[PDB]
Amino acid sequence: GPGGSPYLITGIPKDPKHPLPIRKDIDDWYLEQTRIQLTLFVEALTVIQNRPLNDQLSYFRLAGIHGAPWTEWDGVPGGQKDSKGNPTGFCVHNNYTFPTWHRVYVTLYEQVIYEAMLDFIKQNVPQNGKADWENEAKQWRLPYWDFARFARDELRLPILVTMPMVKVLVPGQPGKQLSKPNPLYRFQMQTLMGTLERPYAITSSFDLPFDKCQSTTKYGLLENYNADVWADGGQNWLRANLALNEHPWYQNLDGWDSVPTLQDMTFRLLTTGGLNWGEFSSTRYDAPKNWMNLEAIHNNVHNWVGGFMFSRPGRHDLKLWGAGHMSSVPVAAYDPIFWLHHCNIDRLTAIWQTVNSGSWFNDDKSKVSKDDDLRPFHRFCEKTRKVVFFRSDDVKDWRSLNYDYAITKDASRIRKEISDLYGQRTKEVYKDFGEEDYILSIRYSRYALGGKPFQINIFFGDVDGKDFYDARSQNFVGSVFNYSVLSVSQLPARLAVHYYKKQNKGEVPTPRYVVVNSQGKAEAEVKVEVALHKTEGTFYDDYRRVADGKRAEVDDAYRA
Amino acid sequence: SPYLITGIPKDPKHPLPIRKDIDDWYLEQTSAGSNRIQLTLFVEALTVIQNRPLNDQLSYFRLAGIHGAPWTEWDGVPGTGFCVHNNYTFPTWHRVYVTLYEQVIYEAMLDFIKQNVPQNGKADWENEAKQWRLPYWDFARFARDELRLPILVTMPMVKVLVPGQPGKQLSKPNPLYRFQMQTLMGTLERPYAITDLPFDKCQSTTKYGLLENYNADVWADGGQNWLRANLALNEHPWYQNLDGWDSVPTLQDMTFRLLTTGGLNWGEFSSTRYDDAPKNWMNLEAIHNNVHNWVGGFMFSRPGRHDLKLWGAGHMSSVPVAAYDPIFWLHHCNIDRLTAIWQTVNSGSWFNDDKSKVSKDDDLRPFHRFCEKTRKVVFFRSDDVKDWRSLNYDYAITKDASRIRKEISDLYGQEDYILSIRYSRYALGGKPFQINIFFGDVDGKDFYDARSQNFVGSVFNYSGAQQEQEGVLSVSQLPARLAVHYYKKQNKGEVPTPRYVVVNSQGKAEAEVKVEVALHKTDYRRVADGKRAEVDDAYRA
Ligand SMILES: [Cu+2]
Ligand SMILES: [Cu+2]
Ligand SMILES: [Cu+2]
Ligand SMILES: [Cu+2]
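As recorded in the PDB header, X-ray crystallography is the method behind this entry, and the stated resolution is 1.35 Å.

Shown next, in the form of structure tokens:
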């Protein structure tokens, strides 16, 4: 760490005047001051992003812990590989410590920002305001992006992430505000990341031209544009919002109400009882009612924010594809929204813990991993007086890290809060249809394309052999993203089954699936086990398999 | 002041330098090798000009301010804006305006060299400045399957050389990507504040970035949705997106027709102006108007429920603020080039029909030049720029008149039916609107663009209690041959009655606006008259 010693991750230090400050919803937090906390976050994160590569607390090196360029951090060796020779970073994916590794990672980022806020105040704030500004730094916590809450009719990226510039206070010049580049909009380096000084160049597990990016992008990388466009492909936040609002195709027809699948999934995750930690925490699969898990929802959000398809076959005037950092595990942590996403993944973990309090590494699968060192994160152990790595039990109570969430302050009201935030639209629309539920189970290998990402799209009815991609594609039901031992996910299917039955004289639909690669082509040799399951009764008030999945064929020009 | 507009001064080592296609030029600058001196000069000079203060009349703000808002004086000429629209001096007023911009950039390049280039490098950098001319955006050429905005306009940053620091290239904000001020344009010091579309709430120019129902702070910089602009630029009939059909972008067909149709007089070619034939309504200014709309976006909202949001507004659609977007000047550079091409193949047609003759000697305020005969400062006049080479630039395509027809064919052309459209720019009191034409049933909730069922093409009213000049209207023309062939095929051979909807900036149909639309067939004969289509109740203005 800086100054030649380990960096001890503690969370923001405890101050008696600041009891368990909350991580706020970033839109609420922004809307209430659109101002010292905003200024402090902007100015601190700007300094962190501008730090040199040799500074381990630079934004680059902190994002670098997750994946590429796979260097050491805080004295902990990097350059790890898989059994097959593939490079890997420190982040935990497809394992039961996924939530706890990321809990610590988010806290590291928050703590580094707080320390940068204190330094900013020391260097910039006049004597008359120092206590005031220190007081706000001590109350500030990393905001979360509530990807499943309707923004102030639809799910959206945070307001702040969609603003290229932001107005900040100038300490010492009351009333004076300056518009500055918004460090939440993108992370920009001074050159292409493929040409950074050794050993930090971003070079290739990926096929997208991330080596040719200077800035992070959302949907900005498309084939057949000049390679200099990829230096900064922009923030197509409107396109990301569209993806975030994925729902069955039939709901865009007149006379049908839509429900965002991400909100339905999140409401199911938080309200379904009876899952053990191993079921909730991860996609890892070594019963299908229990395959709706935190990591699978998180994987879909990564895809929807960044985009993963670089090309599409054929001629299209409207180009709905485009790729970006958030879809790709080796580089997703460079996009500033990454941390806000993972802050909400931490919040969802804390909510689920609160309403499943006996379910902590409590199954035979996850028990094995409970004691894993969460490298590279150090802490001082006061019992043995040694610097050690974090372990999951160290962060079981997130409040040990001196932050909390509003929703977890009161267990007795949390079930109504979950329903108010995430369940109203689902119940509104489900209420109109009979008392039964349908779900799709999805099981795949994250390695089926040799580690390359892919998207599993499911359809009810005939598939358009040139359009098998998204909610605009005829008969689309939903998607599962391999944000790359098996992996599982689950999709709601209740509403899409109703529409299909109405069109097909009551027949149960065969789920049809297509595995789509980053070139927009169908992969014919990626195995997916898809099934449709039914129970009597609504989920928010005994599932049986009612149809087996089948691979759909696509047009010859669209085959991998 | 006065600022004498001359074009870049002549230097015998640089005979009549050409204004290059900006994509070709960008590729030469960045691919040929690492010696990107012209690119560096243009980027650095334009950055300096954009950062000059408002009381400097050679600041980017003030040069863009000549066109429209904030409607102030320029060069001692009292401050509608100075730009000429819907009149026969549209091409010549804009010829001088583009030359002013090029000249100011050149002078700033010389200043950059004086400031930053070591003595022993000055001759080399000056040589590149003297060869440089303002590149044009060829909006009708397939980009190096489709029409596109310039590569360089779609890049947030651009790498430049640092003179005297060999090999060091630095990444800088690209001044062609946007014009960004330090505050919202509605809060600039009097008298410069820009203060419907919320342009007063913008700090930066935007393409499709202003949408209703987002936080107003998003409008400060709505971004550059160049993919969405490119989609608009490739507008064509809806049926061409069905499986099995070839597409042809209407803009390229229109541009080919403009350049190759013979027999137009200057009044027909130069402007939308119709002073009280339809075969001759394909004119320079109408094509230019559609490109303004397609680059910027004009619709702030849309009624109803839509997950896919294809609307969004921005500066290029709006006469009062379009000149702030740096692509404005590259668009107008190509409009100047199309004018020079048409002049070359129609050499006796210059303000000498009974309609356009009256405007030939209009002073092109506020642009000054020195008159050699009287030794007096005077305003530019059209005849002063009839030969664009007198301003010491040329285009490759006009350097060889003998090969021009084949070049036009190679670039843009690789019975007939046409649509005629005659409208008042003041049908909505001067507000902009879009005239969409359909063959067949119109979808009452989707009457907007090529994704709308049975769409054939559009005409954009680039304008903005108030009325048009008495006796004056505006005309445009659309190709319709392929669209009529499809309609007949699907409808038992019926010749379609053109159906039109007039769309406002809220995405609503203006039921009270009447436009004259007709279909003509080849010796063109009128074969069907247009009628307004109704839309859904929730989508009616
Ligand atoms: Cu991760
Ligand atoms: Cu993640
Ligand atoms: Cu103009
Ligand atoms: Cu114009």
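Having put the structure on the table, let's press on.
Student: Any chance you could break down the packing of helix α6 (residues 237–244) of chain A against helix α9 (residues 294–306) of chain A for me, citing the residues and the numbers?
Tutor: Residues and elements named next belong to chain A. At a minimum axis separation of 7 Å, α6 and α9 run at an interaxial angle of 145°. Contact residues: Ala 240, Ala 243 and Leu 244 in α6; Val 301, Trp 304 and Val 305 in α9. Looking at side-chain class alone, the contact of α6 with α9 contains six nonpolar, no polar and no charged residues.

Student: Please set out the sheet that holds strand β15 (residues 528–536) of chain A residue by residue, giving values where relevant.
Tutor: Residues and elements named next belong to chain A. Read across the sheet, five strands follow the order β5-β13-β10-β15-β16 without closing on themselves; strand pairing throughout is antiparallel. Looking at strand neighbours, the two that pair on one side only are β5 (284–285) and β16 (544–548), the edges of this open sheet. In this sheet, β15 lies alongside strand β10 (residues 436–444) in antiparallel orientation, the contact comprising nine bridges. Each bridged residue has a counterpart across the sheet, and for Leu 440 the counterpart in β15 is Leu 532. Set on the sheet, helix α14 (residues 494–503) makes contact with β10, β13 (486–492) and β15; between it and β10 the angle comes to about 110°.

Student: Just give me the short version of the coordination of the copper ion (ligand 2), but keep the residues and values in it.
Tutor: Residues and elements named next belong to chain A. Those donors, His 298 (NE2), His 302 (NE2) and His 342 (NE2), are the protein atoms that reach the copper ion (ligand 2), and they lie 1.8 to 2.3 Å from it. Summarised as a motif, the one-chain spacing of the donors to the copper ion (ligand 2) is H-x3-H-x39-H. Taken as an interatomic distance, the gap from the copper ion (ligand 2) to the copper ion (ligand 1) is 3.7 Å. You can see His 298 and its partner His 302 sitting in helix α9, four residues apart, about one turn around the helix.

Student: A description of the UniProt feature "binding site: Cu(2+) 2" (unreviewed entry) in chain A should follow, citing residues and the corresponding values.
Tutor: All names here are of chain A. Within the UniProt annotation, "binding site: Cu(2+) 2" (unreviewed entry) is assigned to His 66, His 93 and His 102. In terms of the greatest pairwise C-alpha distance, the residues named above, spread along 37 residues, form a tight cluster of at most 10.4 Å across. Here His 93 shows up in the loop between β2 (87–88) and α4 (98–124). For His 93, a relative accessible area of 22% corresponds to the partly exposed category. Sequence-distant contacts of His 93, that is, excluding residues within four places in its chain, are made with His 66, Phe 98, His 102, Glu 295, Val 329 and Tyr 483.

Student: I'd like a rundown of the packing of helix α1 (residues 22–31) of chain B against helix α2 (residues 37–50) of chain B, residues and numbers included.
Tutor: Residue and element names in this part refer to chain B. Running from N to C, α1 and α2 point in directions that differ by 115°, and their axes come no closer than 8 Å. From α1, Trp 25, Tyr 26, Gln 29 and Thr 30 reach across to α2, where they touch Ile 37, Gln 38, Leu 39 and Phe 42. Its residues assigned to classes, the contact of α1 with α2 comprises five nonpolar, three polar and no charged.

Student: Help me get a handle on the coordination of the copper ion (ligand 1), residues and values and all.
Tutor: All names here are of chain A. The coordination sphere of the copper ion (ligand 1), as far as protein atoms go, consists of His 66 (NE2), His 93 (NE2) and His 102 (NE2), spread over 2.0 to 2.1 Å. Here the donor residues of the copper ion (ligand 1) share one chain and are spaced in sequence as H-x26-H-x8-H. Look at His 66 and you get buried, because its relative accessible area is 1%.

Student: Go over α14(A), please, and point to the residues and values.
Tutor: All names here are of chain A. For α14, the tally of buried residues reaches seven of 10 residues, placing the bulk of the element in the interior. Where α14 is concerned, the buried positions are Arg 494, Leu 495, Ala 496, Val 497, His 498, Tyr 499 and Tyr 500. Buried-residue contacts for α14 involve α13 (424–430), β10, β11 (454–460), β12 (476–482), β13 and β15. Immediately beyond the C-terminal end of α14, within one or two residues, lies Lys 505, with a positive phi of roughly 50°.

Student: Explain the environment of A:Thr272 residue by residue, including any values.
Tutor: As for its position among the elements, A:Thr272 is in the loop between α7 (261–271) and α8 (277–281). Within the structure, A:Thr272 has its side chain in polar contact with the backbone oxygen of A:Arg268 (distance 2.8 Å).

Student: Explain the UniProt feature "domain: Tyrosinase copper-binding" (unreviewed entry) in chain B residue by residue, including any values.
Tutor: UniProt tags residues 85–102 and 325–336 of chain B as "domain: Tyrosinase copper-binding" (unreviewed entry). As annotated, residues 325–336 of chain B has a helix share of 83% and a strand share of 0%, and its two end C-alpha atoms lie 18 Å apart.

Student: Could you give an account of the UniProt feature "binding site: Cu(2+) 1" (unreviewed entry) in chain A, with specific residues and numbers?
Tutor: Residue and element names in this part refer to chain A. Here, UniProt's "binding site: Cu(2+) 1" (unreviewed entry) annotation points to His 66 and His 93. Spanning 28 residues, the annotated positions come together in the fold, the maximum distance between their C-alpha atoms being 10.4 Å. Its location among the elements puts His 66 in the loop between α3 (59–64) and β1 (80–81). Ignoring any residue separated from it by four or fewer positions in sequence, one finds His 66 in contact with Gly 89, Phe 90, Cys 91, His 93, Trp 101, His 102, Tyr 105, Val 329, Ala 333, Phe 338 and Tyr 483.

Student: Provide a residue-level description of helix α2 (residues 36–49) of chain A, including the pertinent values.
Tutor: All names here are of chain A. The end-to-end C-alpha distance of α2, which contains 14 residues, comes to 20 Å, matching closely the 20 Å that a straight helix rising 1.5 Å per residue would cover. Counting buried positions along α2 yields 12 of 14 residues, so the element is predominantly enclosed. Restricting attention to buried positions, one finds in α2 the residues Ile 36, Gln 37, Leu 38, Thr 39, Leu 40, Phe 41, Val 42, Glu 43, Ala 44, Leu 45, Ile 48 and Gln 49.

What counts, and where the lines are drawn
Residues numbered from 1 in each chain as written, not as in the entry; some residues may be left out. Chains lettered and ligands numbered in written order. Heavy atoms only, no water. Residues with missing side-chain atoms left out of burial classes, pairs and counts. Axes fitted to C-alpha atoms, helices over the stretch in contact; angles between N-to-C directions. Helix = DSSP H or I, 4+ residues; strand = E, 2+ residues; numbered from the N terminus. Contact = heavy atoms within 4.5 Å. Nonpolar A, V, L, I, M, F, W, Y, C, P; charged D, E, K, R; others polar. Pairing = 2+ DSSP bridges. Donors = N, O, S within 2.8 Å, 3.2 Å for Na, K, Ca; no water. UniProt positions renumbered as here; feature names shortened; annotations may be inferred. Buried < 20%, exposed > 50% of the residue type's maximum accessible area, 1.4 Å probe, protein only. Polar contact = N/O pair within 3.5 Å; in protein donor to acceptor, adjacent residues only side chain to side chain. Expected span 1.5 Å × (residues − 1).

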